[PDB]
Amino acid sequence: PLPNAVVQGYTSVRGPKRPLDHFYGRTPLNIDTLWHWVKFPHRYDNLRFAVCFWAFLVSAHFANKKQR
Amino acid sequence: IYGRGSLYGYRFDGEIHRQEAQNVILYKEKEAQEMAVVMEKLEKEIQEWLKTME
Ligand SMILES: CCCCCCCCCCCCO[C@@H]1O[C@H](CO)[C@@H](O[C@H]2O[C@H](CO)[C@@H](O)[C@H](O)[C@H]2O)[C@H](O)[C@H]1O
Ligand SMILES: COCCOCCOCCOc1ccc(C(C)(C)CC(C)(C)C)cc1
């Protein structure tokens, strides 16, 4: 279906690929290495519960007053 | 949604419901216009009756 050149990636000679840099002494920085810096929110979860309650309540209050 | 009581949006809003303020303005204008006439008529009647009898 396809010639061997397309599969192996070269017609005659296999060219050397420059390897990937590492940046010794620190973590890799890639699109997939970002969870090292940004975990899921874990610090303000209970504050999230409180603020969700208060937001619901205040919205309901002002909406009911407006409607009435 | 919980406070409105409606899942889509507020109620009693819209030009069908907002126009009633202007309708009240016009109705109050008409009402005062007629009440001034009625009060003038009644005042003339009373001013005649009292000064004729009293
Ligand atoms: C099957 C019925 C008949 C139809 C046959 C043809 C079907 C073609 C559709 C499939 C195409 C697949 O296409 C595929 O693309 C990749 C790209 O990642 C090529 O990949 C090639 O190039 C990359 C770089 O670009 C080289 O590093 C690699 O060594 C080399 O394989 C594959 O050689 C090719 O096979
Ligand atoms: C809208 O999205 C914003 C995109 O921009 C992201 C901004 O990123 C800058 C982050 O700045 C830093 C720099 C260093 C660090 C350190 C190295 C201090 C974090 C550490 C110690 C956890 C590895 C953290 C954040």
# chains A, B, ... in the order shown; residues from 1 in each chain; ligands from 1
>>> residues_near_ligand(ligand="ligand 1", cutoff="7 Å", atoms="only C-alpha atoms and all ligand atoms", output="list in words")
residues 1, 2, 6, 7, 8 and 9 of chain A
>>> write_last_selection(atoms="N, CA and C atoms", output="mmCIF file, in the first residue's frame")
data_model
loop_
_atom_site.group_PDB
_atom_site.id
_atom_site.type_symbol
_atom_site.label_atom_id
_atom_site.label_comp_id
_atom_site.auth_asym_id
_atom_site.auth_seq_id
_atom_site.Cartn_x
_atom_site.Cartn_y
_atom_site.Cartn_z
ATOM 1 N N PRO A 1 0.814 -1.217 0.000
ATOM 2 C CA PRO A 1 0.000 0.000 0.000
ATOM 3 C C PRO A 1 0.847 1.266 0.000
ATOM 4 N N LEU A 2 1.813 1.336 0.915
ATOM 5 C CA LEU A 2 2.764 2.427 1.008
ATOM 6 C C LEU A 2 4.183 1.884 0.872
ATOM 7 N N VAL A 6 8.238 5.598 3.314
ATOM 8 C CA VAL A 6 7.291 6.368 4.106
ATOM 9 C C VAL A 6 7.177 5.783 5.503
ATOM 10 N N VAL A 7 7.233 4.459 5.607
ATOM 11 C CA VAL A 7 7.081 3.801 6.898
ATOM 12 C C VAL A 7 8.295 4.067 7.773
ATOM 13 N N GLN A 8 9.489 3.819 7.244
ATOM 14 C CA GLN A 8 10.707 4.011 8.012
ATOM 15 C C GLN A 8 11.100 5.475 8.149
ATOM 16 N N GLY A 9 10.499 6.367 7.368
ATOM 17 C CA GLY A 9 10.719 7.789 7.513
ATOM 18 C C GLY A 9 11.868 8.353 6.717
#
>>> interface_residues(of="chain B", to="chain A", cutoff="9 Å", atoms="only C-alpha atoms", output="PyMOL selection string")
chain B and resi 1-5+10-13
>>> residues_near_ligand(ligand="ligand 2", cutoff="10 Å", atoms="only C-alpha atoms and all ligand atoms", output="ChimeraX atom specification")
/A:26-27,36-38
>>> write_last_selection(atoms="N, CA, C and O atoms", output="PDB file, in the first residue's frame")
ATOM      1  N   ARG A  26      16.171  20.616  37.776  1.00  0.00           N
ATOM      2  CA  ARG A  26      14.833  21.165  37.913  1.00  0.00           C
ATOM      3  C   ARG A  26      13.864  20.255  37.177  1.00  0.00           C
ATOM      4  O   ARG A  26      14.263  19.391  36.394  1.00  0.00           O
ATOM      5  N   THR A  27      12.580  20.465  37.438  1.00  0.00           N
ATOM      6  CA  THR A  27      11.565  19.586  36.896  1.00  0.00           C
ATOM      7  C   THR A  27      11.351  19.881  35.412  1.00  0.00           C
ATOM      8  O   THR A  27      11.539  21.014  34.968  1.00  0.00           O
ATOM      9  N   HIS A  36       2.638  19.336  38.614  1.00  0.00           N
ATOM     10  CA  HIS A  36       3.628  19.610  39.646  1.00  0.00           C
ATOM     11  C   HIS A  36       3.426  20.986  40.260  1.00  0.00           C
ATOM     12  O   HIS A  36       3.753  21.195  41.434  1.00  0.00           O
ATOM     13  N   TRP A  37       2.892  21.928  39.487  1.00  0.00           N
ATOM     14  CA  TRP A  37       2.682  23.299  39.930  1.00  0.00           C
ATOM     15  C   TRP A  37       1.236  23.604  40.273  1.00  0.00           C
ATOM     16  O   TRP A  37       0.982  24.493  41.092  1.00  0.00           O
ATOM     17  N   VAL A  38       0.291  22.894  39.665  1.00  0.00           N
ATOM     18  CA  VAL A  38      -1.132  23.186  39.783  1.00  0.00           C
ATOM     19  C   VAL A  38      -1.834  21.871  40.087  1.00  0.00           C
ATOM     20  O   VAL A  38      -2.146  21.100  39.174  1.00  0.00           O
TER      21      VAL A  38
END
>>> atom_distance(atom1="CA of residue 53 in chain B", atom2="CA of residue 41 in chain B")
18.4 Å
>>> select_by_dssp(residues="chain B", states="alpha helix (DSSP H)", output="PyMOL selection string")
chain B and resi 15-53
